[PDB]
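First come two forms of one protein chain, each written alone as structure tokens, so that there is a structure 1 and a structure 2.
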Structure 1
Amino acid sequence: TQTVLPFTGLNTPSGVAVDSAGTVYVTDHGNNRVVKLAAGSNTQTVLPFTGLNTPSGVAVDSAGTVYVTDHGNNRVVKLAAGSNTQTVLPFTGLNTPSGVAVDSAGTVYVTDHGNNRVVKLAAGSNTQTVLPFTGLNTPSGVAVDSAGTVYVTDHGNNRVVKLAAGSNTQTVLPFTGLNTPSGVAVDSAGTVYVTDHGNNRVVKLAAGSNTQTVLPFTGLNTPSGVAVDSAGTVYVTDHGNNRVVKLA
């Protein structure tokens, strides 16, 4: 049984993320803002980002710092926890950052939609590293697990790829029948979840498995972002329906 979250006033929402407290963050892309809801509350909070233009992905780190990708201004911005200071991360050469993820060490991973690459920047660094994915076509969703394995939605090629921590060669995950997929997420068991945008469904694949499961969402309409919390609850931005839904 899915539950609709009590967000209000969303338009064409994009990324979703969930922090360790169960607080859910949504990129309300059509309104150039990020909104959050705490577990159990009915009051949503608009975050103090300024100057966003066509945001898409959102991530939240351990300390509560929020990262958002911004298509108009072609940048990734950080909203500092507490101070609420907004800074632009010093990525270089982006053409339209799509997805963002942050790992336990504060390293920020971004999909570079126009340049068919994934780039990462450690905390406070002026060195960005291009990850050795190959043959991507308009990558969008990205996620990183506690091991450092990176998962990328290769949107143009209707597939999901991973680069395991330690490896130099990507693996194509054995998802089947995806169509223009968008968001991706990974839980602490290594189960991967993907928004199969073009077939209105969310699909999941347990670690080391070859058999995917279709999650029992209903009435999704062109879904976009996906996230999973520490209890296994899956959150999907139901983009075409201007809402966010969750499934325990």
Structure 2
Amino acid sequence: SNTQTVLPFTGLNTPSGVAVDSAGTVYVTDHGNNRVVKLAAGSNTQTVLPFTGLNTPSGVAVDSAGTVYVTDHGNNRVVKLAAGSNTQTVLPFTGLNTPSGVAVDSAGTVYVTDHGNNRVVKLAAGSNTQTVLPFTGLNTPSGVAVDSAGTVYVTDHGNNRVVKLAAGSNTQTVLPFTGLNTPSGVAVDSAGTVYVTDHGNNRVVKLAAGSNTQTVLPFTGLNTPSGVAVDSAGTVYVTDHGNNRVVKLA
């Protein structure tokens, strides 16, 4: 599709991040209202999820069981809510500072950009010990995504770059995006194409794996976009933070 459409979230205030599940349900962190909202595909009526005591939530991820994970940025913590449950749990990360983003892999391992500590941490399901991943030379990571191969992708805000860390070898590669300015969010589709919100340049750009061609997607009029998500059909969703809206492109 060539035309962006605004999703009918109601009462949104500075959306900070977005995730989409395999049913096309769209989850958004409403940073300004301290809440997380979701909209089923084709619905006009959002649901406010029963998270509690959030403070400027910065990011959201959804696992294959429908469990929703939120970086509760102002409380230095990560919370999760199982599908159908009305009581969140706090994941046992320690020492986080203003965490910016979250991703979850097919094993349920949770990855968090610990933005205030310039590091990326991961916690396997059921574990008490978090692991600092061997990224190097980060400057304020702003978002994270993980693919089926366990490769972890991170937007490096201060260095205007996207990095990926291969599982096993721990080889870190800078993806050949160009002209980025404060990238804010990242998503990866099932084909390995990487999508990035180029916050400082008000655009969203995608790069297929191994390519030196980046594509500006035909969103229009963006202002400081904060997050991106891509569904199994290739539909792209963006939190257009500066315009208080969530836009999509099918």
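The term rigid core refers to the maximal set of C-alpha atoms that superpose within 1.5 Å between the two forms. Start at 1 and count along the sequence of structure 1; that gives the residue numbers used here.
K.L.:
After fitting the rigid core, tell me which of 171, 83, 176, 104 has its Cα displaced by at least 2 Å between the two structures.
P.N.:
Between the two forms, the residue that moves is 83.
K.L.:
Residue 185: how far does its C-alpha move between the two structures, core aligned, in angstrom?
P.N.:
A shift of 0.2 Å.
K.L.:
What is the Cα shift of residue 73 between the two structures once the core is superposed, in angstrom?
P.N.:
That residue's C-alpha sits 1.1 Å away in the other form.
K.L.:
Fitting the two forms on their rigid core, what distance in Å separates the Cα positions of residue 127 between the two structures?
P.N.:
For residue 127, the C-alpha ends up 2.0 Å from its position in the other form.
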